[PDB]
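Since the structure comes first, as structure tokens, the remarks are kept for the end.
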Amino acid sequence: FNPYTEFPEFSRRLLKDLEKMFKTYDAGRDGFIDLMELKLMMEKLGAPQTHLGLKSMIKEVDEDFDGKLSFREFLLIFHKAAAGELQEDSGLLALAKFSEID
Ligand SMILES: [Ca+2]
Ligand SMILES: [Ca+2]
Ligand SMILES: [Zn+2]
Ligand SMILES: [Zn+2]
């Protein structure tokens, strides 16, 4: 997976910021942000979500259907937010906008 090819619209500094946020909230360091790590992230960001809200956020970008976010899926959140592709009620929008990222 090349995030430089896949997401050229992202500066290389923005990309390492995103890697940093990703590594922060992947507590277990398995390379994924799972449902509980996402829940904690939305709380620590100040935009807590319902349990089923968190599952629907993951499903929006869970391209391999395993219920957890790999780093390429986590990048896709900000790609979709940046391109205006998120539904207006999506928790991913709140993740992006509460995140300290633009
Ligand atoms: Ca994890
Ligand atoms: Ca996944
Ligand atoms: Zn996977
Ligand atoms: Zn897109």
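Numbers for residues simply follow the sequence, beginning at 1. Atom set for the values below is all heavy atoms of this structure, side chains included, hydrogens, waters and symmetry mates excluded.
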Tabulate below the donor-acceptor pairs under 3.5 Å that side-chain atoms of residues 92-102 make, not counting sequence neighbours, or state none.
residue : atom : partner : partner atom : Å
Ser99   : OG   : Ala96   : O            : 2.3
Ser99   : OG   : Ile101  : N            : 3.1

Distance-only check: which donor-acceptor pairs under 3.5 Å involve side-chain atoms of residues 40-54, not counting sequence neighbours?
residue : atom : partner : partner atom : Å
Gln49   : NE2  : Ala47   : O            : 2.8
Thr50   : OG1  : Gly53   : N            : 2.9

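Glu88 is linked by a side-chain contact (heavy atoms from CB on, under 4.5 Å) to nothing, counting only residues two or more places apart in sequence or in another chain. With sequence neighbours left out, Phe71 forms a ring-ring contact (aromatic ring centres under 6.0 Å, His included) with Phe22.
Taking both residues in full, the closest heavy atoms of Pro3 and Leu75 are given as CB-CD1, 3.6 Å, listed atom of the first, atom of the second, then distance.
With rounding to the nearest 0.5 angstrom, the CZ atom of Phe7 is 9.0 Å from the CG atom of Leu15. Here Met57 contributes atom CE and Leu86 contributes atom CG; the two are 10.0 Å apart, rounded to the nearest 0.5 Å.
In this structure, a donor-acceptor pair under 3.5 Å is absent between the side chains of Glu6 and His79.
No side-chain heavy atom of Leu76 sits less than 4.5 Å from a side-chain heavy atom of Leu69. Looking at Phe78 and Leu14, their side chains never come closer than 4.5 Å, going by heavy atoms from C-beta outward. Proximity of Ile58 to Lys68: side-chain heavy atoms (C-beta onward) are nowhere separated by under 4.5 Å.
For residues 10-23, the salt bridge (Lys or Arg N to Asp or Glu O under 4.0 Å) pairs, not counting sequence neighbours, are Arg13-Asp17, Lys16-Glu19, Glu19-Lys23. Sequence neighbours left out, not one pair with a member in residues 46-67 passes salt bridge (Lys or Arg N to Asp or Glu O under 4.0 Å).
Put simply, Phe32 and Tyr25 are part of two different groups of oily side chains (I, L, V, M, F, W, Y) that touch within less than 4.5 Å, one to the next.
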